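Chain by chain, the residues:
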Amino acid sequence: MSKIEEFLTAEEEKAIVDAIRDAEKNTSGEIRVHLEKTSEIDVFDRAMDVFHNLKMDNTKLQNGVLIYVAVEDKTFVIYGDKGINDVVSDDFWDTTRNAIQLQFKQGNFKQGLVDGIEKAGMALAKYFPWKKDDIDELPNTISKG
């Protein structure tokens, strides 16, 4: 909180990284977070550039998500690859948004991301139920600006 260099402690980062590690074991689709200060342009177009620059479309099913968070304005954007957008609806995405929004509105960025990852994993597991042969295409490591 008082230290602006590191938004979360190693205890807090470990506990959110582990929250992604269990979701990969529940659905064949990928959940990445990108944390940054502020932008010089629009956050939507920037998140689309950052997703494509980080090469996150490199999946077999086209089903990676990036969560771009701007810590200065306290805002969050969520952007999935085409294989999510083409298979789900805005009504499916409303649940993900409300889970994160309510916890960012309390001020607890960890809890809002962790619960949003959890609810997304359970929802995505309806469209992509886990398989014993399932494959781990992205890594759990948090992205930073």
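Residues numbered from 1 in each chain as written, not as in the entry; some residues may be left out. Heavy atoms only, no water.

A. Focus on the UniProt feature "binding site: Ca(2+) 1" (unreviewed entry) in the protein. Feature annotation in UniProt places "binding site: Ca(2+) 1" (unreviewed entry) on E24, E30, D136, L138 and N140, given in this structure's numbering. With the annotated positions falling across 117 residues, the maximum pairwise C-alpha distance of 9.8 Å places them together in a single cluster. With respect to the helices and strands, the residue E30 is situated in strand β1 (residues 30–36). On the basis of relative accessible area, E30 is assigned to the buried category, the value being 4%. Contact partners of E30, with chain neighbours within four places excluded, come to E24, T59, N63, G64, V65, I135, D136, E137 and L138. Within the element layout of this structure, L138 appears in the loop between α5 (109–127) and β4 (143–144). In contact with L138, other than residues within four places in its own chain, are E24, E30, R32, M56, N58 and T59. (UniProt positions renumbered as here; feature names shortened; annotations may be inferred. Helix = DSSP H or I, 4+ residues; strand = E, 2+ residues; numbered from the N terminus. Buried < 20%, exposed > 50% of the residue type's maximum accessible area, 1.4 Å probe, protein only. Contact = heavy atoms within 4.5 Å.)

B. The arrangement of the side chain of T59 in detail. Among the secondary structure elements, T59 is positioned in the loop between α2 (43–53) and β2 (64–70). Here the side chain of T59 touches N63 through a polar contact of 3.4 Å, landing on its backbone nitrogen. (Polar contact = N/O pair within 3.5 Å; in protein donor to acceptor, adjacent residues only side chain to side chain.)

C. Geometry of the pairing of β2. Among the seven residues that make up β2, seven are buried, leaving the element largely enclosed by the rest of the structure. Along β2, one buried face is formed by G64, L66, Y68 and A70 and the opposite face, lined by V65, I67 and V69, is buried too. Where β1 and β2 come together, seven bridges link them in parallel fashion. In the strand pairing of β2, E30 is matched with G64. (Pairing = 2+ DSSP bridges.)

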